[PDB]
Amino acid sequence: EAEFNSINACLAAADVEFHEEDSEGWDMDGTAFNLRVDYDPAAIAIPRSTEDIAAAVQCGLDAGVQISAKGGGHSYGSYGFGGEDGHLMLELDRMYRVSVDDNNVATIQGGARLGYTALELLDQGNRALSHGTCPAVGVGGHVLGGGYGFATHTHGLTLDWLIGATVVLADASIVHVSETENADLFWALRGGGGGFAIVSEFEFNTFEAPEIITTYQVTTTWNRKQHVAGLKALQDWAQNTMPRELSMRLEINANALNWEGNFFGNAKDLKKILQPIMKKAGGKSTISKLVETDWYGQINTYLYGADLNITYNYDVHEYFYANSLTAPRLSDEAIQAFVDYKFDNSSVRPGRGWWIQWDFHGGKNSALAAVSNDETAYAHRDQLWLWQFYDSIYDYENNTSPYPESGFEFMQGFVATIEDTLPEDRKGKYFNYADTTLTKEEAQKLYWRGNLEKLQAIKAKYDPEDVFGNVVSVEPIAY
């Protein structure tokens, strides 16, 4: 029943499922993935249809609270909760239907996750989509912020395949969006992050699951000087040579730097591409993984222990602080400073660990870069690099130190080594790899850069009262 919760009373009246705060359902869906930023929602609705979403939004309006859609709950700032206490949460993971038609167009409900989605696309016509590695990630949050992975260099962002959607607006209206209908909102949904509308169903174009994919890894044994020379070589290569069908990211930690990625082709061809750059990068490295497989195979290569088929039964958690950055080609100062930081300022206590991913995001032959900053809300098409910084506390159940008090300075300083060298307008961050220490003003500029003003105008049109806003989302500001 709706004891002590007027919103639950409204939801019950609308025949919309909800979680009582004293329930196990609340324990699961009301507890953020990142326990460092767990929040307490005002209520939790569990819509099962587009109409249910609209009814729930109306209930939130009646209550005078902000409303946050939660897809897979993998946002680093817990934006499925609104990024703070007190929002009406719409847990969408019960809405995960995936259907591929005879035109190879896939309809995917707003609460579907990557793993389940990938499986369904394969089962339904051997189709594929360009998306991240984590099977638990919600398609919703993923596409709204971009959707980056080992298929991005070859097939762009997840949002580059979106052709339409059925969404619920802040006034509880239900509309369809596409490049030809409510095109401004469609543009905003493709990269604008959260707060524009609540998506009930996404419509995606798809590509045929590749017949062959070669996954690889290069393990280096580089000292400080070699790190710098290697990164400089990889940068020139990334910008002028790296082939369309190859993806790469560098996995970096206190004692290693490994290259890894997928190649939409065979192993023999891949080795002919890697050999030259391995030599140019200064040697001192070797291929540590090189195997041909298929789409299903590559997906299962980057699960890292996570279950592949996840729907509404999800209760995984971590305790960490993350950050990100996007940037153009770097000068020697940025590279040298980054390397110096790894060697001289990355010592952490036992129980704490960190890693960084240096993503080959843009470049001449990157499909992502084949789209201009004006074509979708994604605003980093001009950036060659994307980075993810991850600061984990493994024994968080026993000790979270230095968090929650401090610790942020470690990765903030790591980001600064590179960011400080960039012109103000080129400084960016990737919303899908959120930095919780940012203010709403700072976040908007870093996450959406040159597209922020347009996004704010679109936000003003579709959600003037900021009903769907979170603590760092685009604000309603008309031009």
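One rule holds for the numbers: they count along the sequence shown, beginning at 1.
Inset, instruction - Using the B-factors recorded in the PDB entry, average over the C-alpha atoms of 184-192 and of 291-299, then report which stretch comes out higher. - result: Result: 291-299.
Inset, instruction - Would you determine, from the values in the PDB entry, which of 217-225 and 194-202 has the greater average C-alpha temperature factor? - result: Between 217-225 and 194-202, it is 217-225 that shows the higher mean C-alpha B-factor.
Inset, instruction - Could you tell me which one of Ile393, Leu234, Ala327, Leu250 shows the highest CA temperature factor in the PDB record? - result: Top of the list by C-alpha B-factor: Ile393.
Legend entry - Top residue by Cα temperature factor, when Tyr79, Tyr314, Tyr148, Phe263 are compared in the entry: Checking the PDB record, the top C-alpha B-factor among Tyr79, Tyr314, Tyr148, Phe263 is at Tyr314.
Inset, instruction - Going by the recorded CA B-factors, say which third of the chain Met28 sits in, lowest, middle or highest. - result: As the PDB entry reports it, the C-alpha B-factor of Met28 lands in the highest third of its chain.
Legend entry - Entry-reported Cα temperature factor of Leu35, expressed as the chain third it lands in: Middle third.
Legend entry - Chain-relative CA temperature factor third for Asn258: It belongs to the middle third of the chain when residues are ordered by C-alpha B-factor.
Inset, instruction - Classify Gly64 as lowest, middle or highest third according to the C-alpha B-factor given in the PDB entry, relative to its own chain. - result: For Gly64, the deposited C-alpha B-factor lands in the highest third.
Inset, instruction - Tell me, lowest, middle or highest third: where does the Cα B factor of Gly230 rank within its chain? - result: Middle third of the chain for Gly230's C-alpha B-factor.
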